[PDB]
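Below sits a lone chain in structure tokens, taken as the form deposited in one PDB entry.
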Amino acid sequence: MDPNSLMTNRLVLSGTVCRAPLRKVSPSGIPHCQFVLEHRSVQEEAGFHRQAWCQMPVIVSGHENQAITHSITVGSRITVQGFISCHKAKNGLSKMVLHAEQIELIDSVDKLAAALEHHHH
């Protein structure tokens, strides 16, 4: 445990996905799926509050977590968690991306069900 003496970086962002999961599989047979999460919130800074809006291009790679994505529709309310990585050198400016290791959905069943059975009788 020597270099991990400055390798700590975890981002936890909840948000609604605005770009559907674009799946692909790289040569080694690994499957990955991207999308753009839109996060919006009120954040307090300096004893006051201000809005925090951001589009985070997240991507989930490898087997374990592919399933949970096949289940994330557009306008999904999710919280993703994993490391951040980026780059924008003037010889190929790529972008900031949250490689995800973990995701749980944030709209409760009792919640959504409400909006599926009520209009009727």
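Rigid core (definition): largest C-alpha set, two forms, superposition within 1.5 Å. Don't overthink the numbering: it's just position in the shown sequence, from 1. Residues that one form lacks are left out of the comparison.
- Coverage remark for residue 62: present in the model in all other entries compared whose chains are built on both sides, leaving no third without it.
- In the comparison with other entries of the same protein, residue 91 is left without coordinates in at least one third of those covering both sides of it.
- Look at the C-alpha B-factors of 107-115 and of 13-21. On average they run higher in 107-115.
- When the C-alpha B-factors of 85-93 and 34-42 are averaged, 85-93 comes out higher.
- Each of 51, 55, 28, 79 has a CA temperature factor in the record; the biggest one is found at 28.
Keep in mind that the form deposited in another entry is missing from the display, and what follows is about it.
- Only one entry in 63, 88, 49, 40 has its C-alpha moved by 2 angstroms or more between this form and the one not shown when the rigid core is superposed, and that entry is 88.
- Between this form and the other one, the CA-CA gap for residue 100 and residue 91 narrows by 3 Å or more, being smaller in that other deposited form.
- After superposition on the rigid core, residues whose Cα atoms move by 2 Å or more in a run of at least three fall only at 87-94 between this form and the one not shown.
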